[PDB]
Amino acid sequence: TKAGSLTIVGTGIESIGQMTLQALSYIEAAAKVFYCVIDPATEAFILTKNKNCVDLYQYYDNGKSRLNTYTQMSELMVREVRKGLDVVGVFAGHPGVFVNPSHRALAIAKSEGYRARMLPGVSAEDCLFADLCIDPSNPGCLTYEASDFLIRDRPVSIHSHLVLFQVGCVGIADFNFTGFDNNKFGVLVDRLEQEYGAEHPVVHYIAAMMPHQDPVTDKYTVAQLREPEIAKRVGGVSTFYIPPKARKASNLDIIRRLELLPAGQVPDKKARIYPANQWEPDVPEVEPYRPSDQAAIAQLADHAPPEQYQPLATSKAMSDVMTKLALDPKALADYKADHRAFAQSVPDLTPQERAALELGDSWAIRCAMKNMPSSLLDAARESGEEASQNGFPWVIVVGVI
């Protein structure tokens, strides 16, 4: 309903490959691209994909306040939005994770009535989970900016994951082309010593930024971070992962109210699902092949799909259109403008496929692309009111479930 749009997208952390297909598609479709990325291969890639790019990094300077820079970056984007253009902003990682100017620009554009969207990307924390072989679900995850962690005295949980961004320049972090002096690093180490003890592990993590490099996953004690040669390794792309120090016990009241007792008691609080977190101090070895695991594996020989399983049964024409809607922003905009008129223009759809697309309905799309068996709908009819998507994947964190 008004000309002009702002879409902010991420590149991910590792050069080129961690960009999403949709982020690429918006970069190619844009009238104007504004980017801020440290990696030159990623910068070069972006410039091959759009003819009208501006490097936002040129608005930093020595002794020029970051906030003034962020104001300038956002204003450069919003000015093009105001002139009626489809503008794309590009930042490293996930563009809304530990980033100032993306949020500012989107809020401004939205407040003046323009279309404004952030697209998610792969963050440094996403990379951390992948490279350290941890899951934030087990046993929960606290994530802070290191200076904020200190200044606001943010609480830690010794029973959960802790991730600290921006450990490489605690306190004042004035822009400087020839680098930070992390002269207040000891204030962070002090806090870590108070919370965890001098012998507790801290993992220095740096995701590889090129496809070929290995990640830095260096474990140190809190005490070792005081050594000058170790402290010097922590720079502007360093993140700290602090593993839990202990395992939290279960709450008897909740166990009862959730009916997890079979007139009997749960797994011991250290009776872990394989694999254990390898960074956790004094982590005991967990057996991957218990008798129950071996029995489950034995059943694979006799396995067939359950009668309620819904095999995919689609067509080239339908997969092509669903792919086009995900990868062509213009096609998506058109479809959202008028489901019918779009659905009518698509070649080679069956009547069901056309109808489902026209209708705007997840269930219709599912039926069009999956063979739904009688035993599923008979069970969905005999119990309840109407059928929908069910049978969800689900992480088990507590041993009982």
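One-based numbering along the sequence shown.
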Mean B factor on CA atoms, stretches 253 to 261 and 317 to 325, record says higher is 253 to 261
As the entry reports it, the stretch among 58 to 66 and 340 to 348 with higher mean C-alpha B factor is 340 to 348
By the entry's C-alpha temperature factors, tell me which of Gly96, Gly235, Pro201, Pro284 sits highest.
-> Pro284
Would you mind finding, among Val33, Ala333, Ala29, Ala41, the residue with the largest C-alpha temperature factor in the entry?
-> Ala333
On the chain's distribution of Cα B-factors, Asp181 falls within the third called highest
Sorting the chain's modelled residues by C-alpha B-factor, tell me whether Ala246 ends up in the lowest, middle or highest third.
-> highest
Modelled-residue ranking by C-alpha temperature factor, third containing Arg154 | middle
How does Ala173 rank on Cα B-factor within its chain, lowest, middle or highest third?
-> highest
Pull the Cα B-factor of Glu80 out of the PDB entry and bin it into the chain's lowest, middle or highest third.
-> middle
